[PDB]
Amino acid sequence: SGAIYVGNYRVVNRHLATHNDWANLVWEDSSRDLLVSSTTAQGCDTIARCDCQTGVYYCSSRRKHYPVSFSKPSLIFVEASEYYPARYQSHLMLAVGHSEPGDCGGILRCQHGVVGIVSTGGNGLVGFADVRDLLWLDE
Ligand SMILES: C[C@H](C(=O)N1CCC[C@H](C(N)=O)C1)c1cncc(F)c1
Ligand SMILES: [Zn+2]
């Protein structure tokens, strides 16, 4: 679990969104596993606007942060689950690192700010849904 709080927005994995998230829906994209809902309290996370491929992510299953090199956002195959059929997930970045069910939502950050959130894993890999292209989060 986990979320990004920026301005009057909350960014979460679409498959983990709550009833409150859907009742205050701003935008969602099943192909990216992202949902953005509106908030009453002001968020103070900063979003990165860059092409970094190195950063640090929070891994809940280890209660630790790990440094990673990660790929450029791209269309990557994701296996079937109770939330989605087998499909290509867009804007996804892979890294070699530990992740297991429960880790979705952990933030990936670089020196510029928040890059994205854990969305996939398995096999000594971890996948992050990028948010750097969502320029409207800042306004
Ligand atoms: C199996 C699971 C996963 O990648 N999912 C399930 C939940 C929906 C995900 C999606 N983006 O469609 C795909 C997982 C395995 N290891 C680490 C994780 F953080 C997660
Ligand atoms: Zn950066």
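Out of everything in the stretch 116-139 that is loosely packed, with under 15 Cβ neighbours inside 10 Å and more than 16 Å from ligand 2 (Cβ to nearest atom), what residue ends up being farthest from residue 58 (Cα to Cα)?
Narrowing the stretch 116-139 to residues loosely packed, with under 15 Cβ neighbours inside 10 Å: 122-125, 133, 135-136, 138-139.
Next, from what is left, pick out any that are more than 16 Å from ligand 2 (Cβ to nearest atom): 122-125, 136, 139.
Values: 122: 16, 123: 18, 124: 15, 125: 14, 136: 25, 139: 26 Å.
By that ranking, first place goes to 139.
Go through the stretch 91-115 residue by residue and tally those that are away from ligand 2 (no atom under 16 Å from the Cβ), free of Cβ contacts under 8 Å to residues at least 60 places away in the same chain and of a type in the set (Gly, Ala, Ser).
Matching residues across the stretch 91-115 total 2.
Output yes when any residue across the stretch 82-90 is loosely packed, with under 13 Cβ neighbours inside 10 Å, away from ligand 2 (no atom under 16 Å from the Cβ) and in a strand (DSSP E or B), and no when none is. Steps first, answer last, please.
The first filter runs over the stretch 82-90 and keeps only residues loosely packed, with under 13 Cβ neighbours inside 10 Å, leaving 82-83, 85-86, 88.
Of the ones still in play, those that are also away from ligand 2 (no atom under 16 Å from the Cβ) are 82-83, 85-86, 88.
This time we only want the ones that are in a strand (DSSP E or B), so: 88.
The answer is yes; a qualifying residue exists.
For residue 57, work out the one condition from (1) part of a strand (DSSP E or B); (2) away from ligand 2 (no atom under 16 Å from the Cβ); (3) crowded, with 20+ Cβ neighbours inside 10 Å it doesn't fulfil.
Residue 57 satisfies all of (1) part of a strand (DSSP E or B); (2) away from ligand 2 (no atom under 16 Å from the Cβ); (3) crowded, with 20+ Cβ neighbours inside 10 Å except (2).
Go through the stretch 119-139 and count every residue that is within 13 Å of ligand 1 (Cβ to nearest atom) and farther than 17 Å from residue 31 by Cβ. Walk me through it before giving the result.
We begin by selecting, within the stretch 119-139, every residue within 13 Å of ligand 1 (Cβ to nearest atom); these are 119-130.
Checking the rest, the ones that are also farther than 17 Å from residue 31 by Cβ come to 121-126.
Counting residues in the stretch 119-139 that are within 13 Å of ligand 1 (Cβ to nearest atom) and farther than 17 Å from residue 31 by Cβ gives 6.
With the structure loaded, tell me whether residue 109 is in the same structural domain as residue 14 (by CATH), under 12 Å from the mean Cα position of the chain (by Cα) and surrounded by 14 or more Cβ atoms within 10 Å (Cβ to Cβ) or whether it fails that test. I'd like the intermediate steps shown before the answer.
Numbers: in the same structural domain as residue 14 (by CATH): no; under 12 Å from the mean Cα position of the chain (by Cα): yes; surrounded by 14 or more Cβ atoms within 10 Å (Cβ to Cβ): yes.
Here the answer is no, as residue 109 does not meet what is asked.
Read through the list (1) assigned by CATH to the domain that holds residue 105; (2) among the polar types (S, T, N, Q); (3) loosely packed, with under 13 Cβ neighbours inside 10 Å, then give the number of the only condition that residue 40 fails.
Here residue 40 meets the rest and fails (1).
Is it the case that the stretch 97-105 has a residue that's under 25 Å from residue 135 (Cα atoms), in the same structural domain as residue 137 (by CATH) and not in a helix (DSSP H, G or I)? Give the derivation first.
Applying the first criterion (under 25 Å from residue 135 (Cα atoms)) to the stretch 97-105 yields 104-105.
Then keep just the ones that are in the same structural domain as residue 137 (by CATH); that gives 104-105.
Those left that are additionally not in a helix (DSSP H, G or I): 104-105.
Yes, some residue in the stretch 97-105 is under 25 Å from residue 135 (Cα atoms), in the same structural domain as residue 137 (by CATH) and not in a helix (DSSP H, G or I).
Numbers and lists here come from the model and the stated rules, or from a named source; nothing here is a laboratory result. Cβ sites come from the backbone with ideal geometry, for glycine too, and all protein chains shown count toward neighbours.
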